[PDB]
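A closer look at the structure
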Amino acid sequence: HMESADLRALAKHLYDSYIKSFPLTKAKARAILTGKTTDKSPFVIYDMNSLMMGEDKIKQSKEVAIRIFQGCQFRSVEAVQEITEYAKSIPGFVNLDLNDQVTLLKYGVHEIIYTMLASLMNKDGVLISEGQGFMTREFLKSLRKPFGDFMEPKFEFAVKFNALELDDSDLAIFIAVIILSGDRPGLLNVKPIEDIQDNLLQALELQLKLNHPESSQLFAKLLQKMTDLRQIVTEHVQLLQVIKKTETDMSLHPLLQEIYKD
Amino acid sequence: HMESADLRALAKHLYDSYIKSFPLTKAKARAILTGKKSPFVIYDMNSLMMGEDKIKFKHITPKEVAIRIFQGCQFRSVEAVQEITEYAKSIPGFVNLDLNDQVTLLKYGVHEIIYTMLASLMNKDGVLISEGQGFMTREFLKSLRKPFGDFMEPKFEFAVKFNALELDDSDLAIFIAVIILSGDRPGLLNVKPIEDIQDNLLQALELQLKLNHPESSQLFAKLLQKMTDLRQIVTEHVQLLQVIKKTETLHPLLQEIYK
Ligand SMILES: Cc1ccc(COc2cc(C(=O)O)ccc2-c2nn(C(=O)c3c(Cl)cccc3C(F)(F)F)c3ccc(Cl)cc23)cc1
Ligand SMILES: Cc1ccc(COc2cc(C(=O)O)ccc2-c2nn(C(=O)c3c(Cl)cccc3C(F)(F)F)c3ccc(Cl)cc23)cc1
C-alpha cells in the first residue's frame, strides 16, 4: 500500500520517463492522424507506386514484401532499445537480479511493442518513419505469401485497444506493469518483482480513476487486454517460424534473434 | 455506479445461488484435502480397479486404463456444464439477454469455469472426485500413457498457482459470474447489456475482495490476470482434446453426448 500522494508521484515519474524514452507519443500520433494541420501531414503509402515514391519523399533491393518486413524488424529493434531504456527508469527494476532484468525484457518487449503500435494505428493504417508516412491496412493485407497475414492481427487488437481512449500518461504506467510480470518463465526471485508490480498496479488504478472518472471499470478492462496481447504475440511467433522455414535466405537482428530463442 | 450496499446484496445473492448449484463447495473440499470418512485413494492401477468397484462410478461402459480415466473427466465435465448453466440463470440480468447470446456466453465460458472450479478440488498432490468420496493422486494421473499424462498435469499446474490466491466460495461465486458475462465472445449479437452486467459484477467482486481480503493488496488485479491466463490454458486444452479425439480413434451416440 502507498499513500495516494506517493502514487501520483510515481505516475508523474513514469510519464516523464516515457516522454524521454519514446520519441513518437500517442499524443503526437493522434495530431498527425487527426489532421487539421499542414505541417504534420504524412505521405500515404497504399500501393506499389506510392511505396516507390515514398522512398524519394519520406526517405535494400528485394521483393516488396521482404523490404517492408525488414523495415519492421529495424523499427522493432529500435523499439526494444527504447523499451529497454524506459524499463531502467522503473523504480526497483535495475535493482533486480540481472538475470531477471533480462528475462523481463525478453518476454515483455513484444507485448509492449504491440501496445504502443496501437497508438500509431487507426482502422485504415499505421504511421511509419516517425510519423512522416502512413501505410494503409489494405496494402499490408495484400502482401504475398505469409506476409499479408502478418500485419492484420496487430490492427484487430489496435481497434479494440484504441477504444479504451488511453493517453500517454496512462500507457506509461500500463507499460511498466507489463514489464514487471512475475509469471515470466525462468524468473529467479518472483517476490520483489511482484512487489514492484503491486505499486505500479496501485498507481495505474488511481491514475485511471482520476484521468477517466466517467469510465467505469476501465482498470479491469485494461488488464483484460493482456489476453488479446498474449494471443497476438503467440500468433506472431508462429508466423515467424513459417518464414524461418520458407525464407532461409533471411536473417534477423541479433537482438530479435536472442529475444525469440526459447 | 452502484451503492456499496447494493454490491453486498449482489454478492450475497450470488453466494447463495452458487451454494445451491454446485455439489462440492471449495470449503468442503478443503476440509477433505486437509484431513480436518476418509476418501478412497487411487494411486495406481490396482487401487483404480478397486475404486471403480467401491465407488459407484456412472461412466463405466463396455477400455484401456488411461481411456477410462479420460472418459471419467468427460462425464464429470458434462455434469459441470449443466451445473454452471443453472447457476448462470441466477446472475441478475442473464436470463433477459437475447437467447442466442445466453447460449454463446455459456458455450465459451464453461471451459474456463470448469478449470477454475476444478482448482477448488485440487492440491499439489491430487484431485477429489465423486463428490469427494475419492481422491486420485497427481502422480498417478501424470504417469498415464500416450498424451494422457501430459493432458492432466496442466490442470494441476494451474490449480497450484490459482489456489495461492486463497479465494473462498463467496469470492469464487462472483468471479465465475464475471467470466460468464464476457462481452468479447465471438458471435455475440448485443454486447452492451453483457458489459453492463459484467461492470456491476466487477464492482461487486472488487468490494468483496477488499472486505474479505483486506490484507491482500491488489488481489482484484491479480485475479483478473488469472482470467487472462485461463483463455490461453483453455486454448491449449481444446487443441489437446482435438488430438486425442483424432489419434485415439466409441459409440456414435456417446460421440454426440460429448460433442
Ligand atoms: C516499411 C515499414 C512499415 C511499417 C513500419 C512500422 O512498424 C512498427 C513500428 C513501430 C514503432 O514505430 O514503434 C513498432 C513496431 C512496428 C512493427 N513491428 N512489427 C513486428 O512485430 C515485427 C517484429 Cl517485432 C519482428 C519482425 C517482423 C515484424 C513484422 F513483420 F510484423 F513487422 C509489425 C508488424 C506490422 C506492422 Cl504494420 C508494424 C510492425 C515501419 C516501416
Ligand atoms: C477418473 C476421474 C478423474 C478425475 C475426475 C475429476 O475431474 C473433474 C471434476 C470436476 C468437478 O468435479 O468439478 C470438473 C472437471 C474435471 C476434469 N475435467 N478435465 C478436463 O479435461 C476437462 C476440463 Cl478441465 C474442462 C472441460 C472439459 C474437460 C474434458 F472433457 F476434457 F474432460 C480434467 C482433467 C484432469 C483432471 Cl485431474 C480433472 C478434470 C473424475 C474422474
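Its PDB record attributes the structure to X-ray crystallography, giving the resolution as 2.10 Å.

For B:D229, the position within the fold is in helix α10 (residues 219-247). Along the primary structure B:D229 and B:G109 are separated by 120 residues, whereas in three dimensions their C-alpha atoms are 14 Å apart.

Residue and element names in this part refer to chain B. As recorded in UniProt, the sites labelled "binding site: rosiglitazone" are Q74, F75, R76, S77, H111, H237 and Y258. Inspection of the secondary structure assignment puts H111 in helix α5 (residues 99-120). Each residue touching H111, except ones within four places of it in the same chain, is listed here: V234, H237, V238 and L241. Mapped onto the elements, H237 comes out in helix α10.

Right, let's talk about the UniProt feature "binding site: rosiglitazone" in chain A for a bit. Residue and element names in this part refer to chain A. Under the UniProt annotation, the feature "binding site: rosiglitazone" is placed at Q73, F74, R75, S76, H110, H236 and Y260. Locating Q73 in the fold gives a position in helix α4 (residues 64-87). Sequence-distant contacts of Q73, that is, excluding residues within four places in its chain, are made with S251, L252, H253 and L256. In this fold, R75 is placed in helix α4.

Right, let's talk about the site of ligand 1 for a bit. All names here are of chain A. Contacts to ligand 1 come from 18 residues, most closely from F69, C72, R75, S76 and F150. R75 is positioned with one of its side-chain polar atoms (N or O) 2.6 Å from an oxygen atom of ligand 1. A distance of 3.2 Å separates a nitrogen atom of ligand 1 from a polar side-chain atom of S76. In isolation ligand 1 exposes 770 Å². Once the protein is present, 91% of that is buried. Secondary-structure elements contributing two or more residues to the shell around ligand 1 are α4, α5 (98-119), β3 (125-128), α7 (147-162) and α11 (254-260). The residue inventory of the shell around ligand 1, partitioned by class, reads 13 nonpolar, 3 polar and 2 charged.

What counts, and where the lines are drawn
- Residues numbered from 1 in each chain as written, not as in the entry; some residues may be left out.
- Chains lettered and ligands numbered in written order.
- Heavy atoms only, no water.
- Residues with missing side-chain atoms left out of burial classes, pairs and counts.
- Helix = DSSP H or I, 4+ residues; strand = E, 2+ residues; numbered from the N terminus.
- UniProt positions renumbered as here; feature names shortened; annotations may be inferred.
- Contact = heavy atoms within 4.5 Å.
- Near = heavy atom within 4 Å.
- Polar contact = N/O pair within 3.5 Å; in protein donor to acceptor, adjacent residues only side chain to side chain.
- Areas by Shrake-Rupley, 256 points an atom, 1.4 Å probe, with all protein chains shown as cover.
- Nonpolar A, V, L, I, M, F, W, Y, C, P; charged D, E, K, R; others polar.

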